[PDB]
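Protein sequence lines correspond, in order, to chains B and A.
As numbered in the authors' numbering, residues 20 to 461 make up the first sequence, in order.
As numbered in the authors' numbering, residues 22 to 461 make up the second sequence, in order.
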Amino acid sequence: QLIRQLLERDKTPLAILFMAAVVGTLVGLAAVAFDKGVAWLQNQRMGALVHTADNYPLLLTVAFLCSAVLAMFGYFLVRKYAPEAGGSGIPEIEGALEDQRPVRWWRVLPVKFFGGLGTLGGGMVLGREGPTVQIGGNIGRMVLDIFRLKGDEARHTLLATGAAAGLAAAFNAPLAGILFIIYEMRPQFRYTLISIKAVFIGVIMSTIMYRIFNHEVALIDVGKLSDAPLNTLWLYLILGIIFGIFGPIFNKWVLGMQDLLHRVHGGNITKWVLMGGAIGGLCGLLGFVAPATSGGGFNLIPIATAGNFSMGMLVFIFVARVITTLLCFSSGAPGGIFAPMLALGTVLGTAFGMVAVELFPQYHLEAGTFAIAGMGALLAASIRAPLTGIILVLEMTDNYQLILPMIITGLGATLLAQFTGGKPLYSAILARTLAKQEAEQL
Amino acid sequence: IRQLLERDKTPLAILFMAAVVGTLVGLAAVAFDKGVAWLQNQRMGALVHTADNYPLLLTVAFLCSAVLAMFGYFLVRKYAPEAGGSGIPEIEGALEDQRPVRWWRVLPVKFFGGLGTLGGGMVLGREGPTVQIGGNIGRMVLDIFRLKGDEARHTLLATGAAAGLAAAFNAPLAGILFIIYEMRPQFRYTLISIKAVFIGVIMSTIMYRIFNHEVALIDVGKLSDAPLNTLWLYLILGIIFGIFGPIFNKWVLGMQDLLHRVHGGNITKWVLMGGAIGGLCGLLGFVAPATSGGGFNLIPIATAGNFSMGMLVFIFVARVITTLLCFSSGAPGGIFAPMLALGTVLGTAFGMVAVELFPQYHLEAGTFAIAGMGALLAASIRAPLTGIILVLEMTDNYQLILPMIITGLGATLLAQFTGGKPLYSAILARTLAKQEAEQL
């Protein structure tokens, strides 16, 4: 026939495109088994809090010793077995695509899936996209060892497939794992057009294989809000300057708290997992006396957008939240920072709307329509990926009408986070740990 | 207090004048969207003396669409021969410093010649004459204002190619994703040139939503959902578009030389094969208004179950024929929009087969018309991430964001397997090959 000898004349891209369909199945399993392990521990922690609900001094202790032993175990697997399994994964699947950081598929996966569950099920303010990309990247290398595929354009197209299979299966946004790994993250490499179709395959087969088990489950349920009038759109630029100034100060604070939480222990392992037990048990203690300033962050985004918080409470879920967010990502725990910054951005958003209601009453603006244009304005001024933050809150909130103010608060964030000495958060951590690798080598 | 502004004297001038290309395109993309709509109603206003004498008075739909046809085939073939086609080849070829930009010649013939032979009833889109009008205003503000450099005429030109693409679709994301990333995807834009495309797109969608307010250009509404047990049906639709990718690409690069033989470059014979294509699709604008038409007139009709299967092999056979005649001749009109209303006809022709072959799926026929809309665009132009968000901004169906990647994948993968270049880099490669042959 004709298709017989034609489908084998190249045989190199047809194998690495089928290998991107066995990665997205494997990461899509590892994104829904990691999700059903973090939704079970939170359904077992609160099932033990309300069981023996008699003595209130016993309530705070059992909310502490049930999150300390998940933090004393979550920090234990990281800084003993696989020390690159700390923090997010995006600083470690950026140098690994740049051929600077090695990928240990046999070591990150038994740590990021198990020890990354205790620092997520323990009530800490960490994202479930960090421990899904770094599992996904360390799965896209696993299929090049069990199948023994070789090459320099074959290791970089499956390491970016699983890195896109971890972001498009932890947020259920198949246009935010494609728009991040290809274009916005590493804005100097291009992924010539056989390496994008292996990102497209590993996102399709990692959202289909994610929506099979995690079906009829809402992750963001803000509803359908109003629209942004054209005499209101200049108030989204001042929201950009607020986020664009707070961006590089928050970007310096996480890199500044890594000089304090690394200087309290000195380097010892027994001083480190007990520091995690006193910082991952506090966020399991704060999740019972004030549940807004804890958790993964996806609990208050349909709440703060509804405007049920007052202005006196909206500072409390920003002052006692950015202190708590800096104490779980910059403290060396396995966990991302998008879902913290997707809730740290929606608090400052709706705190700008309730100011704009009383200050400008003639505009008739909704107090929560800045909380949809506030989520994708803090990770566009710290990570500096503005087109991801627009097409991450579109697949979650499903609000098409705020497509023009999302760029006004997206441009205004990323313009002041470059003028005022800014730096990308997911490109200044990798450039910082590479200096320590150049220090212990010499 | 003082160093923060004088150090940013020059690099901020491409961030303030990027709001001038944004503003002046939004005032020239709504004087274009109204001029293409004012000239349409004057044709239908003169067709009220036709229903009594339909054989003899049929020429009113034919001659009045041919006088306006020879006003766009004459301003282009005499005053500015680089404003023919779709413009985006002559903008991409000018973003690499290979093609010259004549803003003193393109703008008086892409807005005047691009209004007659786009508002006369052609089968062209209104973003080809909006990107190149946008990609000349970004050169208009650079010659009349005292600024220069190597990254200044590649940023104001690259925020003009995005201010026109975002003010011709009401899509503030399909103009950003095309120019920076999807068009020529081996070039890296500077971080001050990406955030100057953002100011051009924002202040052009603002100057478009002020005039054309509370009106959606695609009114499909909210369609049904796509279950996970029928998602392979949006892949065989991609394979059918993937073979039709380099076949429609070979036809439009074949009929450009096939139509070139009938006049041979003589100016008085261009407009006779240019007036007989405007007069044909003006007569087709009264006999069967789904055969002709510049795109969006038949997209809300041929999606929510109106046309039968016996008619959708006529709005695809006789529409491809009048698409390869209106754009491959040399009219001032883009092809980015008449591939939306051509992949949604074959897309809904695949939807009315799957509902007949698979009764167990409970599939609406219309959910294959949104996936097929950004499929032929992702097969012949091969920008598979603009054509997903472009249909997302207009048709507003966020439920079908997973099938639009699958039909987006299969249309850009099988087109790469059989062998096919992007369309806006293949017409440019023929023009740059014709440039070296004309001087020798």
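Idealized CB from N, CA, C, for every residue including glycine.
Selected residue, minimal CA-CA separation from residue i, among the options
i: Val-162 (chain A); options: A:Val-273, A:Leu-177 and A:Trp-272; result: A:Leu-177
i: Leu-413 (chain B); options: B:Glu-235, B:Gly-351, B:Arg-230 and B:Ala-195; result: B:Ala-195
i: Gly-93 (chain B); options: B:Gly-141, B:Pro-121, B:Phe-53 and B:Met-224; result: B:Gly-141
i: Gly-156 (chain A); options: A:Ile-165, A:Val-88, A:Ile-112 and A:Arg-174; result: A:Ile-112
i: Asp-29 (chain A); options: B:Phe-438, B:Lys-169 and B:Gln-460; result: B:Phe-438
i: residue 463 (chain A); options: A:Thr-71, A:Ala-450, A:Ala-400 and A:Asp-417; result: The structure shown does not extend to residue 463 (chain A), since chain A is modelled only from 22 through 461, so no value can be given for it.
i: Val-366 (chain A); options: A:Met-276, A:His-383, A:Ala-396 and A:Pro-206; result: A:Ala-396
i: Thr-80 (chain A); options: A:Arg-403, A:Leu-346, A:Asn-418 and A:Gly-299; result: A:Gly-299
i: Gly-372 (chain B); options: B:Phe-317, B:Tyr-255, B:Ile-197 and B:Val-241; result: B:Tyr-255
i: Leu-319 (chain B); options: B:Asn-250, B:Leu-238, B:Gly-303 and B:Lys-290; result: B:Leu-238
i: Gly-105 (chain A); options: A:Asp-73, A:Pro-129 and A:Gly-306; result: A:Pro-129
i: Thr-428 (chain B); options: B:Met-332, B:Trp-253 and B:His-70; result: B:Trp-253
i: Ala-432 (chain A); options: B:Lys-169, B:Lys-55, B:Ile-220 and B:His-175; result: B:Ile-220
i: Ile-268 (chain B); options: B:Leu-36, B:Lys-442, B:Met-415 and B:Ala-358; result: B:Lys-442
i: residue 2 (chain A); options: A:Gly-47, A:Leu-68, A:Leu-89 and A:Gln-24; result: Residue 2 (chain A) is absent from the structure shown; chain A starts at 22 and stops at 461.
i: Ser-313 (chain B); options: B:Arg-282, B:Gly-295 and B:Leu-346; result: B:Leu-346
i: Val-46 (chain B); options: B:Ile-448, B:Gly-146, B:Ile-109 and B:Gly-185; result: B:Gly-185
i: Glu-117 (chain A); options: A:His-281, A:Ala-192, A:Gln-207 and A:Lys-55; result: A:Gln-207
i: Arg-126 (chain A); options: A:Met-228, A:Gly-108 and A:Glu-103; result: A:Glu-103
i: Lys-169 (chain B); options: B:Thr-31, B:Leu-78, B:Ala-358 and B:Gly-387; result: B:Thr-31
i: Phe-133 (chain B); options: B:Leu-411, B:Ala-50, B:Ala-192 and B:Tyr-75; result: B:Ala-50
i: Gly-393 (chain B); options: B:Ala-311, B:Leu-258 and B:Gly-43; result: B:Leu-258
Sheet register partners of residue i (DSSP bridge)
i: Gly-137 (chain A); result: In the DSSP output, where bridge partners are listed per residue, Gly-137 (chain A) has none listed.
i: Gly-299 (chain B); result: The partner list for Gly-299 (chain B) (beta bridge, DSSP) is empty, contrary to what the question assumes.
i: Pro-353 (chain A); result: A:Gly-106
Contacts that residue i makes with chain A (C-beta to C-beta distance below 7 angstroms)
i: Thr-433 (chain B); result: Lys-216
i: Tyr-202 (chain B); result: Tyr-202
i: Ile-320 (chain B); result: The contacting residues do not exist; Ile-320 (chain B) stays about 17 angstroms from chain A at best.
Neighbouring residues, chain A, relative to residue i (Cβ below 9 angstroms)
i: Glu-414 (chain B); result: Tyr-419 and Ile-422
Local conformation of residue i per DSSP, three classes
i: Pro-150 (chain B); result: helix
i: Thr-312 (chain A); result: coil
i: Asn-74 (chain A); result: coil
i: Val-376 (chain B); result: helix
i: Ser-214 (chain B); result: coil
i: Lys-131 (chain A); result: helix
i: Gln-420 (chain B); result: coil
i: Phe-438 (chain B); result: helix
i: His-281 (chain A); result: helix
i: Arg-123 (chain A); result: coil
i: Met-332 (chain A); result: coil
i: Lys-99 (chain A); result: helix
Neighbouring residues, chain B, relative to residue i (Cβ below 7 angstroms)
i: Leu-252 (chain A); result: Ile-227
Residues that residue i contacts on chain B, provided the C-beta gap is smaller than 8 angstroms
i: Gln-207 (chain A); result: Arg-209 and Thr-211
i: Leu-430 (chain A); result: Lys-216, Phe-219, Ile-220 and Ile-223
i: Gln-437 (chain A); result: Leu-212, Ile-213 and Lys-216
Contact list for residue i against chain A, beta-carbon separation under 8 angstroms
i: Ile-197 (chain B); result: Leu-406 and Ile-426
Beta-carbon neighbours of residue i, restricted to chain C and to distances below 8 angstroms
i: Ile-409 (chain B); result: In summary, chain C is missing from the structure at hand, where the protein chains are B and A.
Exercise. What residues from the stretch 215–231 of chain A come within 9 angstroms of chain B, judged by C-beta to C-beta, listed N to C?
Worked result: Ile-215, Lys-216, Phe-219, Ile-220, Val-222, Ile-223, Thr-226, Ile-227, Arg-230 and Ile-231
Problem set entry | Contact list for the stretch 184–195 of chain B against chain A, Cβ threshold 7 angstroms | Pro-193 and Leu-194
Exercise. Taking Cβ-Cβ distances below 9 angstroms as the criterion, which residues of the stretch 375–402 of chain A are in contact with chain B?
Worked result: none
For this session: Report the residues of the stretch 239–266 of chain B with a CB closer than 8 angstroms to any CB of chain A, ordered along the chain.
Result: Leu-249 and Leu-252
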